[PDB]
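Q: I am attaching a structure below and will ask some questions about it afterwards.
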Amino acid sequence: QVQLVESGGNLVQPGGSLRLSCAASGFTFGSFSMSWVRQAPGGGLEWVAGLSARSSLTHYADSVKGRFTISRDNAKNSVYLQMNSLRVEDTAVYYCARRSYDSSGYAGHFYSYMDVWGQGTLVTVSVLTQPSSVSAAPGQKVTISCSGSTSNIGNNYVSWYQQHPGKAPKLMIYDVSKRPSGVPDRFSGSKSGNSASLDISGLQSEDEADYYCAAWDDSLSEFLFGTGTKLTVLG
Ligand SMILES: O=C(O)c1ccc(-c2c3cc(F)c(=O)cc-3oc3cc(O)c(F)cc23)c(C(=O)O)c1
């Protein structure tokens, strides 16, 4: 199997620089797209920066634009994130993910979902709406609703992630309604206008987690995550 190993995380002063790293093993990183998503302590997911597969086109998030840089190193089978002029809000665990080539899908929409995440690395410095929380009992049925706008969800492929406290996020649904190998079919995704929906029939005790949705936003030119839903199963 494949994995991303991250290192570089450290306690630093404000204004300091710091270089994070996301190394690939089991596969060759140069032939693949990737992203950097961070998660402040007690916050939700937030896109930061990314790399296009066949070229080397970077895109950055408005917050960290001009401070952060993202190069690759085909020789060390990895990709670095150069963070400069750090600020206290940058405080968070930074994840890195590969976006595989989507067999389905189409021109300009071939790298939509993040299917292999890293384990994360802490950097300490001295939008789409979902409900805050839903609840149910085992055997029942929840529906997590993700609503946005034309710019993003109406036009673009949407994807859902799952996340137990402390662990890295996991890909549940991509391209609106598909699911990767080894995901129970009791997970179902759909879309209707400018809002998508995650569906869990036959709820179980392990399903208890945080659920995010995500989609590219054409007008902002960023990748967007939802605020997140805390699913609670009555246990
Ligand atoms: O301007 C471009 O060529 C471009 C623009 C945006 C993306 C991009 C997309 C595009 C989509 F259509 C999606 O459904 C999802 C995305 O997700 C992305 C995530 C990354 O952060 C990144 F740097 C770029 C993209 C992208 C890519 O590498 O796939 C390339």
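Q: Could you grab me the full set of residues in segment 172-224 that are surrounded by fewer than 17 Cβ atoms within 10 Å (Cβ to Cβ) and among the β-branched types (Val, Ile, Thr)?
A: Result: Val183, single match.
Matching residues to (1) over 17 Å from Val12 (Cβ atoms); (2) buried (at least 21 other Cβ atoms within 10 Å of the Cβ):
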{"site": "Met34", "(1), (2)": "yes, yes"}
{"site": "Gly43", "(1), (2)": "yes, no"}
{"site": "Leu51", "(1), (2)": "yes, yes"}
{"site": "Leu57", "(1), (2)": "yes, no"}
{"site": "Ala61", "(1), (2)": "yes, no"}
{"site": "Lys65", "(1), (2)": "yes, no"}
{"site": "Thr69", "(1), (2)": "no, no"}
{"site": "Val79", "(1), (2)": "yes, yes"}
{"site": "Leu86", "(1), (2)": "no, yes"}
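Q: Still on this structure: Identify, from the list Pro180, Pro138, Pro165, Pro169, the residue that is over 18 Å from the mean Cα position of the chain (by Cα) and outside the structural domain of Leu45 (by TED's automatic domain parsing). If you could, list the steps in order and put the result at the bottom.
A: Working: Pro180 fails: over 18 Å from the mean Cα position of the chain (by Cα); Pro165 fails: over 18 Å from the mean Cα position of the chain (by Cα); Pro169 fails: over 18 Å from the mean Cα position of the chain (by Cα).
Checking each option against the conditions leaves just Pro138.
Q: Taking only segment 198-235 into account, find how many residues are within 17 Å of the chain's Cα centre (by Cα) and away from the ligand (no atom under 16 Å from the Cβ).
A: 8
Q: If we scan segment 51-59, do we find a residue that is more than 12 Å from the ligand (Cβ to nearest atom) and in the same structural domain as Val116 (by TED's automatic domain parsing)? Spell out the reasoning first.
A: Taking segment 51-59 and keeping what is more than 12 Å from the ligand (Cβ to nearest atom), we get none.
Within segment 51-59, not a single residue is more than 12 Å from the ligand (Cβ to nearest atom) and in the same structural domain as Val116 (by TED's automatic domain parsing).
Q: Here are some conditions: (1) within 16 Å of the ligand (Cβ to nearest atom); (2) loosely packed, with under 14 Cβ neighbours inside 10 Å. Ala75 meets all but one. Which one does it not meet?
A: (1)
Q: Same structure again: Residues of segment 1-50 being away from the ligand (no atom under 16 Å from the Cβ) and not in a loop (DSSP other than H, G, I, E, B), which ones? Quick ask: steps written out before the conclusion?
A: We begin by selecting, within segment 1-50, every residue away from the ligand (no atom under 16 Å from the Cβ); these are 1-3, 5-19, 21, 23-28, 40-44.
Those that are away from the ligand (no atom under 16 Å from the Cβ) and not in a loop (DSSP other than H, G, I, E, B): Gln3, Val5, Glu6, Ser7, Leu11, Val12, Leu18, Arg19, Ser21, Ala23, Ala24, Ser25.
Q: Would you kindly identify the strands (runs of 3 or more DSSP E) lying entirely within segment 128-235 that contain at least 3 residues that are not polar (S, T, N, Q)? Lay out the reasoning, then the answer.
A: Working: elements: 133-136, 141-147, 159-163, 170-173, 187-191, 195-201, 210-217, 222-225, 229-233.
In segment 128-235, 141-147, 170-173, 187-191, 195-201, 210-217, 222-225, 229-233 are the strands (runs of 3 or more DSSP E) which contain 3 or more residues that are not polar (S, T, N, Q).
Q: Can you tell me how many residues within segment 92-127 are surrounded by fewer than 22 Cβ atoms within 10 Å (Cβ to Cβ), aliphatic (A, V, I, L, M) and near the ligand (Cβ under 10 Å from one of its atoms)?
A: The total comes to 1.
Q: Which pairs turn up if I take residues in segment 96-111 that are among the polar types (S, T, N, Q) and look for partners that are crowded, with 23+ Cβ neighbours inside 10 Å and part of a strand (DSSP E or B) with beta carbon separation below 9 Å, at least 6 apart in sequence or on another chain?
A: If the second residue must be crowded, with 23+ Cβ neighbours inside 10 Å and part of a strand (DSSP E or B), no pairs are left.
All Cβ positions, even for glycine, are placed from backbone atoms using ideal geometry, and neighbour counts span all protein chains on display. Numbers and lists here come from the model and the stated rules, or from a named source; nothing here is a laboratory result.
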